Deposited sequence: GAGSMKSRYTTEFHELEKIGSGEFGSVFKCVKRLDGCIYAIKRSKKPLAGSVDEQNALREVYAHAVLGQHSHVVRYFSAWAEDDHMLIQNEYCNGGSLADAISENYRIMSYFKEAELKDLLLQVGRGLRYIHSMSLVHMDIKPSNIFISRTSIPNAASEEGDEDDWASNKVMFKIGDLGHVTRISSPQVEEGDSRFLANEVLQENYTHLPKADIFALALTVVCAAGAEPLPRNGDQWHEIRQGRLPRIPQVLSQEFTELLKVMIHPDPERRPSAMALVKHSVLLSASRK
């Protein structure tokens, strides 16, 4: 098995609907990698599509400091193995869960840093005529010594010119995408980033549907318990503006004054 030949497994660090993730050391270089193990996708299926969307995206983007690196992919028996860059701080979703456990939180300065760094990631991706289409806390990773945020899971990445949309998490999805309007897809990433920061700021779990869902797509920011500057709250608000064209672009977001 290539997996045991090339790597030594240190511990299982994640398991879910989309596979398990293992912290592994590669024998040859002594470096740590995050390896995802999953069911070999059915040939001709959506899962296969996701997998190929992912390879294409990394192939186009190459290495970028705000995108989780993608090294190699192969199969053993009925399973797919993918070797990724290890982000020792875990996912943002897990950090938020940790913040709750120990009564800690991301103050405003750190939220701006989050918004800025992931924004730079989005700016690069969009500059390459790609959109991510699944920005959410479980797809943002943390690399630390002091902190680097990185965009992971490129399985939904598609081309702005002639897109194939596998619609992302309903809780982070812009209304226009739900309406099968695929004409301003980069602004969908922007919308999703705002709500990602909103979760990190300590907002209640986001709605999947119903009144609360629509209220947000009306441009209403979910309730956040910590005090934030109005200038910052207004920035998050315009990022979920019902008109996608009124939302800042990534390049506009990173050039924005309100961020460091």
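Walk along the deposited sequence from position 1 and note every stretch that has no C-alpha coordinates. Counting from residue 1, the stretches without coordinates are 1 to 6, 152 to 169, 285 to 289.
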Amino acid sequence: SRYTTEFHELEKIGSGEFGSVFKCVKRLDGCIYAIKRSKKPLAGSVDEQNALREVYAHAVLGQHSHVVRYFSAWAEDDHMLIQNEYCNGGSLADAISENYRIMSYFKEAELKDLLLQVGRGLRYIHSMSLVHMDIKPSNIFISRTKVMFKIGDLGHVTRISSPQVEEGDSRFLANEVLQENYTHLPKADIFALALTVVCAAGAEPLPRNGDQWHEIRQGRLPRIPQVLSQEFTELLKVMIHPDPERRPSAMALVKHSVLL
From here on, numbers count along this sequence of modelled residues.
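We call the rigid core the largest set of C-alpha positions that still match within 1.5 Å between the two forms.
Please tell me which region, 98 to 106 or 123 to 131, has C-alphas lying farther from the displayed form on average in 9 other deposited structures of this protein, with superposition done on the core. Greater root mean square C-alpha distance in 9 other deposited structures of this protein: 98 to 106.
Between 171 to 179 and 76 to 84, larger RMS Cα displacement in 9 other deposited structures of this protein after core fit: Comparing 76 to 84 with 171 to 179, the larger C-alpha deviation in 9 other deposited structures of this protein belongs to 76 to 84.
At least a third of the other compared entries leaving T158 unmodelled, is that the case? It is not, since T158 is included in all of the other entries that model both flanking stretches.
Gap at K136 across at least one third of the other PDB entries: Negative; every one of those entries includes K136.
Selected stretch [higher average CA B-factor]: 171 to 179 or 102 to 110: Between 102 to 110 and 171 to 179, it is 102 to 110 that shows the higher mean C-alpha B-factor.
On mean C-alpha B-factor from the PDB entry, just flag whether 54 to 62 or 229 to 237 is the higher one. The stretch with the larger average C-alpha B-factor is 229 to 237.
Could you check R208, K40, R69, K36 and tell me which one carries the biggest Cα B-factor in the deposited entry? Across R208, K40, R69, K36, the entry lists the biggest C-alpha B-factor for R208.
Could you check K146, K136, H156, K150 and tell me which one carries the biggest Cα B-factor in the deposited entry? The record points to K146.
Using the temperature factors of the C-alpha atoms in this entry, rank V46 within its chain: lowest, middle or highest third. Highest third.
Within-chain third of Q164 by Cα B-factor, per the entry: Answer is highest: the recorded C-alpha B-factor places it there.
Taking only the Cα B-factors deposited for this chain, tell me whether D94 sits in the lowest, middle or highest third. Ranked within chain, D94 CA B lands in the middle tercile.
Using the temperature factors of the C-alpha atoms in this entry, rank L195 within its chain: lowest, middle or highest third. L195: CA B-factor falls in the lowest third of its chain.
In terms of the CA temperature factor given in the entry, to which third of its chain does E17 belong: lowest, middle or highest? As the PDB entry reports it, the C-alpha B-factor of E17 lands in the highest third of its chain.
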